[PDB]
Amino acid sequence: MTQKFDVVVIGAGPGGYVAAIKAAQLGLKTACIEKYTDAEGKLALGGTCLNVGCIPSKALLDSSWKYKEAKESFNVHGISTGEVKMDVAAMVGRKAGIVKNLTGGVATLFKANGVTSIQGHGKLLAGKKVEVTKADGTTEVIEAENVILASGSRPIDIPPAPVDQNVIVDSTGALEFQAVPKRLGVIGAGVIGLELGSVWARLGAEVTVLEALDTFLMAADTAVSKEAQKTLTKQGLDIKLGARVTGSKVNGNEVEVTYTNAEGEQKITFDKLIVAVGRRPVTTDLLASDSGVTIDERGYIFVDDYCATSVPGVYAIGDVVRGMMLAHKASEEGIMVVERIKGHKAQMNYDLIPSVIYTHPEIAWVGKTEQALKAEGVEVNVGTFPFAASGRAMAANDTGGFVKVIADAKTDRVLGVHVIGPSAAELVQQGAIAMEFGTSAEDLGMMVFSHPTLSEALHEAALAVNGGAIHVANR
């Protein structure tokens, strides 16, 4: 009666469900354990990303942008509308429908690939045995030749502003508001905070973003974060740096927030408050005391470059291990691990994992920032092209931003591509693909880019590296 599998995956987020599908495709008898259930009380796959993360946030960002554009940027095209209105419930409902479709899609993929789906909480015991606590309390132990831990992360909750799922919410609650909060506060100016604040600012919320640090998007290239702060501020996000929240007091349907900055203590009242101060790895009841799996100082499962833990045949991927907390990072780690289980020498290039921020203008990058390369003493040539000079962007009425390409001054090898503007993620992916092949700035400049397209902005920026751009003056 004891079930035996070649691979047992704990967690069905982008890391775990992709790993499970890949394992099954490679002929490995695979099981995937997941505890999450939807509103009908049924197993729902896809993790944070699908259910309360990437997908729902992108749906609201696209809907809210259309509303803002209709209100402010239709007249220039000769288009008049009556009063523009937003049925918030319908917007949230569209998002809920997308999530339902996609979670159903993952279940379908599991069935088509032969993945054994097991609803419950999984715990790794000694000897690669996994204890599954089923939805009804029944426990069952299964045996695995290989175990993949992909338990993900959860929002950080801080004593100064505890979430109550009503007036003070985390990112999950922020995607479920029934009405536009008249005054919205956001703690944390990270990617999640800026995305969530953008959604509601577009729909009319007076938005204030309280950020404890004195830097804005420190991971982005300095020129990109400078431009981002300027534009987001103009879009109604009152971004306050050096503003550390120290306490809060919920008074019925409002919250008075206290924070400290260069001018001492300040108080501000909001109708809703979103706490977006980071995410922490989840290992809650994931490991028996004698599992042998090492956890580092910050709660992450310790792994090598191939996602192997301290225990043979046990791997860990995604948000629960070191690295950028991104969905594509999790999925590709899952692929690597399964390929390696099959004996292939798969590996990941952590230096070419792109980052995307889905504000408008979209922000994206891959490789190193200019400030980082200068700090490391690497001499570089930089080429920039603004969308204000792009005929395609002018046609689209979306000319803010630029493309920045950074190359090694001696070898001309492209070390980083940074974009703030239309189709940023797509242009950065072009850069990433070229970088995978060890492209030089000159190699990109020598290629034929379709005209007129936003892609041309990357081509011009690459040419600008060596002072050869056609559509911008060269210095």
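Position 1 is the first residue in the sequence shown; the rest follow in order.
Please work out which of 142-150 and 337-345 has the higher mean CA B-factor as recorded in the PDB entry.
Per the PDB record, 337-345.
If you average the Cα B factors in the entry, which is higher, 193-201 or 233-241?
The deposited B-factors put 233-241 ahead on the C-alpha mean.
Out of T359, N101, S331, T215, which shows the largest CA B-factor listed in the entry?
When the deposited C-alpha B-factors of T359, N101, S331, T215 are compared, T215 is largest.
Candidate set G431, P56, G421, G27 [ranked by C-alpha B-factor, highest]
Max CA B-factor in the entry, restricted to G431, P56, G421, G27: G27.
Name the third of the chain's ranked CA B-factors that contains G401, choosing lowest, middle or highest.
Lowest third.
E206's Cα B-factor: lowest, middle or highest third of the chain?
Middle third - that is where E206 ends up once the chain's C-alpha B-factors are sorted.
Sort the modelled residues of this chain by their C-alpha B factor and say whether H77 lands in the lowest, middle or highest third.
Within its chain, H77 is a lowest-third residue by C-alpha B-factor, going by the deposited values.
Name the third of the chain's ranked CA B-factors that contains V277, choosing lowest, middle or highest.
Its C-alpha B-factor, which the entry lists for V277, ranks in the middle third among residues of this chain.
When the modelled residues of the chain are sorted by Cα temperature factor, does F177 land in the lowest, middle or highest third?
Ranked within chain, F177 CA B lands in the middle tercile.
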